[PDB]
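Asker: Please read through the structure below; I'll follow up with questions.
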Amino acid sequence: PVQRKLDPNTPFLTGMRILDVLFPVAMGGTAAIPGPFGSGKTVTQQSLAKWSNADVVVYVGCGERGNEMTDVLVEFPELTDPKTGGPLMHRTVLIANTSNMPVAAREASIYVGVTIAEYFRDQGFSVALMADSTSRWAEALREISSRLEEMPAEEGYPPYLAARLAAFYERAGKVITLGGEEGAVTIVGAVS
Amino acid sequence: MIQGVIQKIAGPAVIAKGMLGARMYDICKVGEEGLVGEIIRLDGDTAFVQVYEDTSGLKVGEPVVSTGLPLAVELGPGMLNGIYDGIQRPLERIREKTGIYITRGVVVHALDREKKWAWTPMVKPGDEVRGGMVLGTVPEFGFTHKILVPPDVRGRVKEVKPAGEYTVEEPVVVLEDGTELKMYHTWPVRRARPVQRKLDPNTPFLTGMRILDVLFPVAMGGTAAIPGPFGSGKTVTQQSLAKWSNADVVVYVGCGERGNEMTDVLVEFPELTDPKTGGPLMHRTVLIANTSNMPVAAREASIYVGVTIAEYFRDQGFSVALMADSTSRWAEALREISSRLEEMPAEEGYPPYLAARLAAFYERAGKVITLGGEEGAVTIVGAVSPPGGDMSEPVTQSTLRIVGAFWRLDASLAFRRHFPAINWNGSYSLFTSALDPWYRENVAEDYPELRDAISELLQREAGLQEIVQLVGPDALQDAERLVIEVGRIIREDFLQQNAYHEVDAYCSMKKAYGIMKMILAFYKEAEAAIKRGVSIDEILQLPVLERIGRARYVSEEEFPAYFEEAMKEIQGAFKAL
Amino acid sequence: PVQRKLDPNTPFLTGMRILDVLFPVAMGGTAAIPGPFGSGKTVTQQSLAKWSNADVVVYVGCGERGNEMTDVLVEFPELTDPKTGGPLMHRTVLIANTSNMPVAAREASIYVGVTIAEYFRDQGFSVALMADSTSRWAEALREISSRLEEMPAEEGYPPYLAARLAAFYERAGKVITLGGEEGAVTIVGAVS
Amino acid sequence: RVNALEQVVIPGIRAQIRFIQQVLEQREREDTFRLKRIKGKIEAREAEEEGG
Amino acid sequence: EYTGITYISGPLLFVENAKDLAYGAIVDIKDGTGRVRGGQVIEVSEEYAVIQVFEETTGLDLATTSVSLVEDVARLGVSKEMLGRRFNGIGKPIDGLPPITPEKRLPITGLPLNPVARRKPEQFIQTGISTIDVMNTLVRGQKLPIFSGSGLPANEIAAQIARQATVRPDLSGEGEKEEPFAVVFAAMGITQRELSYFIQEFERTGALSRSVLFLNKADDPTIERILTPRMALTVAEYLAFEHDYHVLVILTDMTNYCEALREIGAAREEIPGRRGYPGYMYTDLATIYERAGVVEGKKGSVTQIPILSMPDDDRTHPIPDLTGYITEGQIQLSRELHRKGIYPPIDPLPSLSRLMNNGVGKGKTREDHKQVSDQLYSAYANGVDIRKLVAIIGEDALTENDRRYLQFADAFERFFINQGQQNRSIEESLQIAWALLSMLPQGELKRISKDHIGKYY
Amino acid sequence: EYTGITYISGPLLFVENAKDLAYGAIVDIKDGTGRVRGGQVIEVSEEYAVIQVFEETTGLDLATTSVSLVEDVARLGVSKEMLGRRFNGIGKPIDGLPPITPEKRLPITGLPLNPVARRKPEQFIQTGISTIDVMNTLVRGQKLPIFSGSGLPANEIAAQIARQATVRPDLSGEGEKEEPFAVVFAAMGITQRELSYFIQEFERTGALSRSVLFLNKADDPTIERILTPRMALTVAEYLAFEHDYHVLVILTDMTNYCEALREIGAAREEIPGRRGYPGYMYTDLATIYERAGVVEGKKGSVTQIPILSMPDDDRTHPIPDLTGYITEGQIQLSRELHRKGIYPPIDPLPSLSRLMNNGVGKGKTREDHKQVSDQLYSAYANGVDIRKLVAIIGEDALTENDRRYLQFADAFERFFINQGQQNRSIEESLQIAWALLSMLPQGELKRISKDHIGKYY
Amino acid sequence: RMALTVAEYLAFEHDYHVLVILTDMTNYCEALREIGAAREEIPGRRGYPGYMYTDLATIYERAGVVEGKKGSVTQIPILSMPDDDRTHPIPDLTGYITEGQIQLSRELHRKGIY
């Protein structure tokens with residue numbers, strides 16, 4: 001729970017000209033990067049956590065690619081933060097999931113990451129979440145729900161898709177927690 | 001009677017058990033207070049009730065009473081200025097006594113017993129009556145409401161109590177056969193009124209719309225649609241059809257309609273003059289309309305009440321115009337009732353049992369001679385609602401499943417505020433092979449040709465409109481633009497009729513034939529005028545167009561002002577100048 | 001039974017300039033000529049009628065409607081026999097099934113009528129089998145569901161897909177046999 | 001062609017797919033709800049062998 | 001009696017203590033309305049049964065539900081004279097007269113013809129539009145579905161064919177007026193105006209005489225829209241085949257069919273296998289349509305002409321679907337020429353004729369229009385089509401040769417396809433037609449023979 | 001009271017029997033994990049009654065459960081100090097400060113409105129965004145949906161008109177004691193952006209002295225979205241009719257309404273797909289848009305001002321389609337002018353204003369209000385029309401009777417449509433509208449004639 | 001699944017390098033559907049199953065290099081579509097786990113450019 005709602009007012013810099021200077025979204029905004037991931041789209045995602053004013057970085061997958069999902073992990077410590085002055089992996093929390101992980105991996109994914117982010121928030125640390133492959137999350141949900149009474153009924157996907165997608169963004173922002181410390185829980189939405 | 005209790009409650013529907021002696025279609029009051037539903041499905045001893053009114057606050061386990069006698073409703077006097085609706089309550093009474101707020105639930109008599117009227121006897125004792133006759137008239141306002149004997153019932157007459165105003169309750173004709181015939185008399189809605197001979201529609205209906213009728217006709221017993229995409233024109237084109245009519249009775253069913261959807265509609269009627277009186281139009285109109293907040297089954301029931309009232313009047317020798325507003329109302333009732341009662345689905349969530357009432361309701365439409373000794377016409381003109389915006393859905397193709405007339409109303413026309421929105425690209429009529437007699441019997445014989453000669457105008461505009469959009473008016477010649485800017489006046493001043501001048505919301509044959517003959521001239525002249533090389537540009541600047549163009553701001557008592565006058569000026573000072 | 005599946009390499013000819021020329025058919029082949037909801041796809045059997053090079057004709061229809069095999073059905077005994085001279089029925093067998101014939105017989109039809117193609121094809125013949133509009137078999141196959149209180153495979157597709165279709169087709173067509181003879185079934189599927 | 005393209009053409013032939021797609025897809029709502037109910041019959045019938 | 005209900009709701013019933021009945025059984029039901037309602041036992045069940053009640057139930061108390069087996073087989077009588085008398089679906093005259101008198105009781109489902117007993121059609125008739133008797137050339141035993149969308153009349157315009165119908169006996173080498181040309185009509189569901197309109201167009205020529213009318217209306221049982229066709233067609237077989245008559249069957253309003261079909265499709269055990277209609281759909285359109293074809297051992301025939309009111313211009317809808325495959329000859333009417341006011345308004349672009357050198361255009365059907373038809377197809381195609389292809393490439397890119405093509409569209413449609421009460425013999429057709437082909441050079445005249453060419457020069 | 005549960009589920013669940021459970025009753029359920037919930041008892045059975053679960057499935061057990069009836073139906077207080085105060089949230093309102101005393105506790109289901117207890121409008125609302133209230137004529141006798149569409153903000157526009165509605169004695173029809181500065185806002189579901197936007201807007205508009213805004217707070221459970229509309233409503237129905245005041249329910253996006261609503265329809269197995277969003281939609285909405293009329297025999301109203309966006313810049317989706325049908329006409333804003341800078345962008349090209357001469361007249365607003373209504377509409381319309389056909393035939397097609405209509409669209413453009421957020425009176429609007437009606441020759445105009453020409457220049 | 005499990009032991013544990021070449025995915029996915037439809041799993045968009053995803057993953061994810069083990073399997077799946085249109089599952093699904101696409105030209109294949 002929180003003492004007041006707040007609004008972002010922390011300047012946006014991601015290390016990319018047009019990206020942050022024309023479009024400010026600030027810390028506690030909610031973004032999206034449409035179209036398929038890879039084929040020049042990786043530029044933004046990588047560079048973001050290197051420069052951007054956040055104290056902590058959280059990376060998260062849910063149906064990511066093959067070789068492309070490993071290029072990232074391996075080049076992760078060799079991405080260098082200037083505050084920390086070496087390995088980015090130091091102030092980066094990993095909880096990423098690919099489809100070489102269990103069925104329910106991708107369905108359990110979100111909530112986990114969301115919670116942990118609030119921890120950091122509480123300590124006055126801004127986090128930098130990247131909810132990649134949103135589109136693909138639902139793959140799992142659908143599969144599970146077939147086998148149940150909660151069958152797909154929307155437009156080929158759950159109508160409970162709608163609830164848990166929404167709520168995901170309504171728990172994330174700049175706010176002032178019960179201990180009176182302020183963090184920011186910025187999401188970049190690779191839908192794919 | 002029958003004393004079960006409730007078993008389950010399932011949405012606005014309610015089920016009951018311990019029903020022995022239950023029949024399909026009765027008054028089925030569920031709970032101690034009763035609500036009056038209707039018996040559809042009977043499975044076992046569990047007669048599935050489907051309530052018209054809200055099941056809100058009902059607690060299970062309250063005795064269920066079913067009469068077990070067919071669903072009937074009171075037909076007799078009180079038709080004029082009486083609400084009967086679909087939940088079987090007069091809103092009239094509610095409005096004053098329980099306030100501007102309706103208390104949902106509790107049934108009160110459909111036809112109030114507080115009304116009293118004169119009786120004029122027309123028969124005497126010691127006779128043998130047959131069904132369908134009149135026993136006496138009742139003068140109520142400037143109209144004559146009759147008391148019709150139940151069809152297919154015979155018995156002698158014991159007494160007939162003399163003339164005078166009495167309570168409707170009082171028996172006025174006791175039969176020897178042992179039927180004390182009260183002024184109101186029940187009749188079922190599952191047993192309908194018969195007809196001695198079936199007849200072909202042939203008397204025209206005049207609603208007060210020029211172009212509408214003139215391009216695509218409508219007789220009395222005809223049918224046409226009023227589509228209205230995205231809640232457009234439809235909503236009030238129906239207001240202008242009911243404002244003035246040539247049909248003696250006016251039956252307006254606005255079942256399932258909301259606030260603003262019926263505001264102006266109703267509240268304006270007490271301000272319109274009545275043809276047979278002169279006070280409120282209510283002296284010839286009957287409100288069968290219902291509110292939206294009342295359940296699904298209340299808008300189903302309203303439509304079946306309408307048509308049996310229409311039949312009642314048709315037997316009195318009185319021609320009925322019946323106008324159900326929006327099929328999005330009808331759709332929605334059966335579309336949801338399917339889910340409820342565990343009825344299996346057909347196409348688009350509508351049941352396979354959709355046309356149950358529907359089919360029979362369209363059949364009744366027609367001019368016929370009754371068993372009553374009179375002849376009327378039951379005219380139905382239903383307003384369709386496209387779900388998908390295509391008529392391929394079953395809730396929309398029922399006025400195009402079986403043929404008659406059909407009208408096409410467009411969103412795009414509605415936007416500039418062309419009333420009506422009739423288009424000649426999806427409208428046909430079959431009363432163009434049966435109004436031809438009555439035209440050249442009363443109207444004119446110079447009419448079955450002239451009407452057609454207007455339609456060709458907009459025929460030839462189509463072929464060209466197409467090419468206007470492929471290449472401009474600078475690629476097309478004088479003779480091209482000819483029938484284009486004929487077309488212009490046929491729509492600017494002949495598809496737009498002001499809804500704030502009420503002498504264009506009503507028209508007559510006099511208004512008809514006049515302004516049809518004005519154009520006849522222009523064409524026939526213009527084919528020779530412009531052949532002299534006078535370019536269409538110049539003829540646009542002449543005063544000659546403007547003078548004919550006053551035809552949506554004119555009255556009918558200002559009708560001889562343009563009739564003879566401009567007639568000579570068209571054929572005259574346009575072939576010299 | 002047969003020794004093995006072989007690769008065709010000898011064409012079959014209907015005696016046309018478009019079904020043999022621009023796009024050849026094979027002896028031991030499989031083919032199809034879809035013409036939606038009828039489109040002159042029944043006429044390609046007036047071309048297999050007495051202009052074919054099939055030693056032995058074996059004409060079969062799943063349950064073709066009578067009227068479309070009124071003129072085709074009695075056309076053939078009248079016709080000249082290129083492999084003799086009299087009726088065409090010296091070489092044709094004609095094991096056709098109609099709508100006039102049982103509505104269940106239509107379901108059986110294909111997997112039963114394959115064996116009659118095979119008995120002549122085995123001996124040393126280059127049989128020409130044609131299932132006249134395989135869509136008539138689909139209407140029988142999918143009716144099973146209705147009568148048995150099961151739903152067919154979703155979106156108006158039959159419940160048995162590959163299972164009872166592909167197997168008949170690939171049951172015979174250029175296959176060396178156990179006798180060491182060459183069995184080659186030529187089909188020109190007259191589908192929709 | 002420019003005028004046309006940017007007005008009636010491009011977005012119009014776009015928007016057509018949508019309409020198509022969504023109504024065929026929507027049909028398969030009725031499929032599932034019935035399919036469910038078909039299954040309910042298969043399990044019930046065998047529960048009138050194991051519960052009645 | 002079998003008391004203890006299980007379902008009551010309109011024409012479809014279920015009643016228990018029924019486990020030993022036959023397929024098709026006329027039972028009674030004593031109702032609470034006092035109107036004794038029939039009902040055929042179309043299927044039997046585990047400890048209940050399906051009754052499919054002939055009349056629509058509107059009250060029936062569950063306390064007294066009487067059932068009384070009249071017959072174990074639902075059947076219908078027959079006669080040899082019913083000619084000139086009208087009837088409804090139940091079998092009761094509209095004149096208020098008595099029904100037919102059974103001679104033998106025949107099933108209502110009937111029994112289909114062997115494909116081998118059918119023999120090629122070739123005895124052409126005059127339908128009174130030159131357009132059919134050339135392009136499709138309608139012959140006895142053949143079907144011509146008249147494809148007509150919604151918003152286009154087809155009941156109206158059908159009556160035109162229905163009164164212009166007349167055998168050809170001087171061109172087929174023998175009498176065909178010597179064996180009766182009776183006609184049958186039958187609606188599945190119609191209004192008030194179209195009821196009187198039909199009779200008044202049969203009273204206008206006196207084509208009313210020698211007809212058997214098994215009409216159905218929209219207020220007449222909704223269950224008997226699909227029962228009454230099946231019944232009536234087995235009263236056709238008796239006068240057509242076994243009394244050797246040439247019977248013309250015309251079945252019109254085939255959506256209202258489909259309305260009644262829908263009801264069972266999905267509400268019951270049956271599933272909707274396409275578009276809310278059962279998956280037993282195939283059968284439902286087989287016993288109806290299959291009736292017709294020239295006999296090899298009778299000299300009678302059943303020529304059935306279905307006239308559709310199929311939804312819009314759709315081809316994936318069940319009606320246009322199966323009808324395609326079935327017929328060989330077929331004709332389409334469209335709305336494009338129907339607003340010009342030309343009657344009938346043929347549009348033959350998706351229309352096909354697969355018999356026109358084989359089947360028709362041989363034997364008793366004359367062969368001077370054989371190669372003529374085939375010409376006329378592509379000759380008309382080149383015309384109307386290119387009106388479009390010009391307004392696509394530019395707006396003017398025709399030569400003077402291609403000018404001719406479109407010059408011949410406009411002429412041909414107006415004249416040729418337009419007849420009200422005008423009637424032109426097959427020879428009066430040909431003559432005229434080849435004089436309008438004179439607005440065309442060679443290459444639109446190759447197919448036509450040396451004989452035909454000169455004959456009508 | 002009922003101990004034991006036999007289904008743990010997230011939207012609805014089993015409660016054995018029933019003997020006193022009303023429809024739509026309030027129950028209290030201790031989950032045994034120390035948490036407590038409520039819900040409505042919609043659907044009551046002596047088999048398994050199912051109760052409205054108010055939160056997610058987690059945090060439930062069968063170790064301790066109880067179901068206990070608290071009240072017959074839903075109910076809640078309406079203070080007469082509800083006006084001039086923001087009461088965010090529902091049940092116990094958290095507007096972050098103490099709750100106001102539930103002075104009159106009455107039902108919050110809805111109280112219906114008799115259709116014969118209605119009277120024709122006579123009030124105008126003078127709002128400071130000229131363009132709409134001139135042409136469309138914003139009156140309380142219409143409830144037109146404002147469609148924002150994609151990449152067009154729903155908030156900014158709604159935000160605007162908040163403080164910008166003003167009251168006069170007779171430039172608004174009715175008095176200023178018949179219209180307070182109070183308004184009501186009812187959320188159909190607010191989202192991230194929608195909430196983070198109205199934060200600043202409360203402290204600036206005066207949500208402590210002239211505005212009531214019930215919210216869902218964007219983070220309360222789904223079922224809350226089918227509670228707050230009708231709850232928000234009923235409140236105002238009281239002080240409006242019975243206490244005498246005009247208040248406008250300024251809705252928000254109905255998209256999130258569908259969202260929550262749909263999950264109930266697939267957990268009860270209803271019709272939750274009309275074309276991907278409910279077929280049962282309208283049924284529940286009967287109540288919302290029933291009170292949106294004008295009462296007779298009392299003074300003061302309630303009017304729903306739907307404000308809803310579209311998931312695509314095309315309407316193929318049920319979202320705006322089913323709303324069109326339900327309600328009357330449309331007012332839009334589109335993105336024609338938004339791409340260039342204009343703010344507020346307003347395009348009423350495909351608009352329909354149902355009423356526009358009722359609820360105003362002459363002297364109820366101004367003299368030339370009734371006349372200049374339709375005028376601007378078609379003057380402007382036919383401006384944009386030219387730019388269409390010029391480009392079709394080369395790059396021009398214009399005449400001298402075009403050069404005037406052309407510039408009538410520039411003149412209407414940034415002079416009239418663009419205005420910032422600057423309050424404009426009905427006087428300042430119509431007065432100067434007539435100097436922009438001096439770009440086309442006056443005297444004989446399309447809808448105006450010589451009766452306001454010589455009076456207003 | 002057979003040669004899948006054998007493959008693991010070929011390229012990672014022998015240090016060999018395998019190249020898996022699958023062909024016709026349409027059949028693989030049709031047959032699958034029948035199996036799932038009896039386990040009470042509803043089929044998916046444009047009839048093709050929605051429980052496809054999981055099962056299709058398991059064949060393709062035994063691709064990618066491995067630390068210290070030089071030999072690893074290279075995956076090349078081949079599948080069919082009516083004209084390479086993306087209006088059914090068969091490409092979508094695939095196209096998330098797999099990288100790239102290489103479609104076929106009508107012009108080229110006519111002229112015999114392979």
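Chain labels follow the order of the structure tokens: the first chain is A, the next B, and so on; residue numbering restarts at 1 in every chain, and ligands are counted from 1 in their shown order.
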Could you give me the residues within segment 204-386 of chain F that DSSP places in strand (DSSP E), as a VMD selection string?
Answerer: chain F and resid 212 to 213 249 to 250 304 to 305 307 to 308 331 to 332
Asker: List every residue of chain G that DSSP, applied to the backbone of this structure, places in alpha helix (DSSP H), and write the result as a ChimeraX atom specification.
Answerer: /G:2-11,25-36,52-60,89-92,94-97,106-111
Asker: With chain C fixed, least-squares superpose chain A over all its C-alpha atoms paired in order and give the RMSD in Å.
Answerer: 2.0 Å
Asker: Please determine, counting only C-alpha atoms, which residue among B:551, B:2, B:301, B:276 has the shortest atom-to-atom distance to residue 37 of chain B.
Answerer: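 Residue with the minimum atom-to-atom distance to residue 37 of chain B: B:301.
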Asker: Could you superimpose chain F onto chain E using every C-alpha atom, matched in order, and tell me the RMSD in Å?
Answerer: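 C-alpha RMSD after least-squares superposition: 2.5 Å.
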Asker: Counting only C-alpha atoms, what is within 12 Å of residue 427 of chain E, bar same-chain residues fewer than 3 positions away, as a PyMOL selection string?
Answerer: chain E and resi 126+130+133-134+171+366-369+423-424+430-434+452+455-456
Asker: Keeping C-alpha atoms for every residue in the selection just given, could you write it to a file as a PDB file, in the first residue's frame?
Answerer:
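Output below, filename part02.pdb:
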```
ATOM      1  CA  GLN E 126     -40.916 -23.653 -74.671  1.00  0.00           C
ATOM      2  CA  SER E 130     -35.756 -17.226 -76.000  1.00  0.00           C
ATOM      3  CA  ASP E 133     -34.463 -22.228 -74.901  1.00  0.00           C
ATOM      4  CA  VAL E 134     -30.976 -21.436 -76.535  1.00  0.00           C
ATOM      5  CA  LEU E 171     -40.217 -30.182 -83.809  1.00  0.00           C
ATOM      6  CA  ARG E 366     -32.376 -29.132 -82.547  1.00  0.00           C
ATOM      7  CA  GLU E 367     -28.717 -28.718 -83.373  1.00  0.00           C
ATOM      8  CA  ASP E 368     -28.997 -25.465 -85.438  1.00  0.00           C
ATOM      9  CA  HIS E 369     -28.473 -23.616 -82.193  1.00  0.00           C
ATOM     10  CA  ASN E 423     -43.556 -15.382 -77.174  1.00  0.00           C
ATOM     11  CA  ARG E 424     -41.130 -16.383 -80.013  1.00  0.00           C
ATOM     12  CA  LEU E 430     -32.481 -17.787 -84.240  1.00  0.00           C
ATOM     13  CA  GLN E 431     -33.447 -15.687 -87.249  1.00  0.00           C
ATOM     14  CA  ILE E 432     -33.469 -12.413 -85.372  1.00  0.00           C
ATOM     15  CA  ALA E 433     -30.336 -13.277 -83.217  1.00  0.00           C
ATOM     16  CA  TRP E 434     -28.041 -13.891 -86.179  1.00  0.00           C
ATOM     17  CA  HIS E 452     -26.418 -22.165 -89.655  1.00  0.00           C
ATOM     18  CA  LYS E 455     -29.433 -20.414 -93.269  1.00  0.00           C
ATOM     19  CA  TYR E 456     -30.070 -17.200 -91.273  1.00  0.00           C
TER      20      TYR E 456
END
```
Asker: Within 8 Å of chain D, which residues of chain C are there when counting only C-alpha atoms? Please give them as an MDAnalysis selection string.
Answerer: chainID C and resid 149:151 154:155
Asker: Excluding residue 47 of chain G and its own-chain neighbours fewer than 3 positions away, which residues fall within 12 Å of it when counting only C-alpha atoms? Please give them as number ranges by chain.
Answerer: A: 156; C: 152-159, 161; D: 24-25, 28, 31-32; G: 29-30, 32-34, 37, 42-44, 50-52, 87-90
Asker: What are the closest atom pairs, with distances in Å to one decimal, for all residues of chain B lying within 7 Å of chain E? Consider only C-alpha atoms, order rows by chain and residue number, and present the result as JSON lines.
Answerer:
```
{"residue": "B:20", "atom": "CA", "partner": "E:63", "partner_atom": "CA", "distance": 6.2}
{"residue": "B:21", "atom": "CA", "partner": "E:63", "partner_atom": "CA", "distance": 5.1}
{"residue": "B:22", "atom": "CA", "partner": "E:61", "partner_atom": "CA", "distance": 5.2}
{"residue": "B:23", "atom": "CA", "partner": "E:61", "partner_atom": "CA", "distance": 4.2}
{"residue": "B:24", "atom": "CA", "partner": "E:59", "partner_atom": "CA", "distance": 4.3}
{"residue": "B:25", "atom": "CA", "partner": "E:59", "partner_atom": "CA", "distance": 6.2}
{"residue": "B:40", "atom": "CA", "partner": "E:9", "partner_atom": "CA", "distance": 6.4}
{"residue": "B:41", "atom": "CA", "partner": "E:9", "partner_atom": "CA", "distance": 5.5}
{"residue": "B:42", "atom": "CA", "partner": "E:8", "partner_atom": "CA", "distance": 5.3}
{"residue": "B:43", "atom": "CA", "partner": "E:6", "partner_atom": "CA", "distance": 4.4}
{"residue": "B:44", "atom": "CA", "partner": "E:6", "partner_atom": "CA", "distance": 5.1}
{"residue": "B:70", "atom": "CA", "partner": "E:59", "partner_atom": "CA", "distance": 6.9}
{"residue": "B:190", "atom": "CA", "partner": "E:58", "partner_atom": "CA", "distance": 6.4}
{"residue": "B:200", "atom": "CA", "partner": "E:193", "partner_atom": "CA", "distance": 5.3}
{"residue": "B:201", "atom": "CA", "partner": "E:193", "partner_atom": "CA", "distance": 6.7}
{"residue": "B:343", "atom": "CA", "partner": "E:267", "partner_atom": "CA", "distance": 6.5}
{"residue": "B:344", "atom": "CA", "partner": "E:267", "partner_atom": "CA", "distance": 5.0}
{"residue": "B:345", "atom": "CA", "partner": "E:266", "partner_atom": "CA", "distance": 6.6}
{"residue": "B:346", "atom": "CA", "partner": "E:276", "partner_atom": "CA", "distance": 4.3}
{"residue": "B:347", "atom": "CA", "partner": "E:276", "partner_atom": "CA", "distance": 5.3}
{"residue": "B:352", "atom": "CA", "partner": "E:263", "partner_atom": "CA", "distance": 4.8}
{"residue": "B:353", "atom": "CA", "partner": "E:263", "partner_atom": "CA", "distance": 5.9}
{"residue": "B:359", "atom": "CA", "partner": "E:218", "partner_atom": "CA", "distance": 5.5}
{"residue": "B:360", "atom": "CA", "partner": "E:219", "partner_atom": "CA", "distance": 4.7}
{"residue": "B:363", "atom": "CA", "partner": "E:191", "partner_atom": "CA", "distance": 5.3}
{"residue": "B:366", "atom": "CA", "partner": "E:192", "partner_atom": "CA", "distance": 6.1}
{"residue": "B:392", "atom": "CA", "partner": "E:311", "partner_atom": "CA", "distance": 6.7}
{"residue": "B:400", "atom": "CA", "partner": "E:150", "partner_atom": "CA", "distance": 5.8}
{"residue": "B:401", "atom": "CA", "partner": "E:150", "partner_atom": "CA", "distance": 6.9}
{"residue": "B:402", "atom": "CA", "partner": "E:190", "partner_atom": "CA", "distance": 6.9}
```
Asker: Which is closest to residue 1 of chain D among B:471, B:526, B:326, B:574, if we use only C-alpha atoms?
Answerer: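 Of all the options, B:471 lies closest to residue 1 of chain D.
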Asker: Can you pull out every residue within 8 Å of residue 15 of chain G, counting only C-alpha atoms, but drop anything in the same chain fewer than 5 positions away, and send it as a list in words?
Answerer: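 Near residue 15 of chain G, the qualifying residues are residues 10, 69, 70, 71 and 72 of chain G.
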Asker: What residues in chain A lie within 6 Å of chain G, counting only C-alpha atoms, written as a JSON list (two decimals) with C-alpha atoms, in the first residue's frame?
Answerer:
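Wrote result32.json, looks like this:
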```json
[["chain", "number", "residue", "atom", "x", "y", "z"],
["A", 65, "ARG", "CA", 14.19, -16.34, -29.09],
["A", 67, "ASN", "CA", 20.43, -17.73, -30.09],
["A", 143, "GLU", "CA", -2.91, -23.73, -23.16],
["A", 146, "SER", "CA", -8.16, -25.00, -22.76],
["A", 147, "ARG", "CA", -8.07, -27.90, -20.40]]
```
Asker: Atom CA of residue 160 of chain E to atom CA of residue 425 of chain E: how many Å, to one decimal?
Answerer: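 Atom CA of residue 425 of chain E lies 16.2 Å from atom CA of residue 160 of chain E.
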Asker: Could the residues of chain C that have an atom at most 9 Å from chain E be listed as a Markdown table, each with its closest atom pair and the distance in Å to one decimal, counting only C-alpha atoms and ordered by chain and ascending residue number?
Answerer:
```
| residue | atom | partner | partner_atom | distance |
| --- | --- | --- | --- | --- |
| C:36 | CA | E:324 | CA | 8.7 |
| C:37 | CA | E:324 | CA | 5.3 |
| C:38 | CA | E:325 | CA | 4.5 |
| C:39 | CA | E:352 | CA | 7.5 |
| C:40 | CA | E:354 | CA | 6.7 |
| C:42 | CA | E:354 | CA | 8.6 |
| C:43 | CA | E:354 | CA | 7.5 |
| C:64 | CA | E:326 | CA | 8.3 |
| C:65 | CA | E:326 | CA | 5.8 |
| C:66 | CA | E:115 | CA | 6.1 |
| C:67 | CA | E:326 | CA | 6.3 |
| C:68 | CA | E:326 | CA | 6.1 |
| C:69 | CA | E:115 | CA | 7.4 |
| C:70 | CA | E:118 | CA | 6.2 |
| C:71 | CA | E:120 | CA | 5.2 |
| C:72 | CA | E:120 | CA | 8.8 |
| C:73 | CA | E:115 | CA | 7.6 |
| C:74 | CA | E:119 | CA | 6.8 |
| C:75 | CA | E:120 | CA | 8.1 |
| C:98 | CA | E:115 | CA | 7.9 |
| C:99 | CA | E:286 | CA | 7.0 |
| C:100 | CA | E:112 | CA | 6.0 |
| C:101 | CA | E:114 | CA | 7.9 |
| C:103 | CA | E:283 | CA | 7.6 |
| C:139 | CA | E:282 | CA | 7.2 |
| C:140 | CA | E:282 | CA | 8.4 |
| C:142 | CA | E:279 | CA | 7.6 |
| C:143 | CA | E:279 | CA | 5.6 |
| C:144 | CA | E:279 | CA | 8.9 |
| C:145 | CA | E:271 | CA | 8.3 |
| C:146 | CA | E:271 | CA | 5.4 |
| C:147 | CA | E:270 | CA | 6.8 |
| C:148 | CA | E:270 | CA | 9.0 |
| C:149 | CA | E:269 | CA | 7.0 |
| C:150 | CA | E:271 | CA | 8.5 |
| C:151 | CA | E:271 | CA | 7.4 |
| C:152 | CA | E:273 | CA | 8.0 |
| C:156 | CA | E:274 | CA | 6.9 |
```
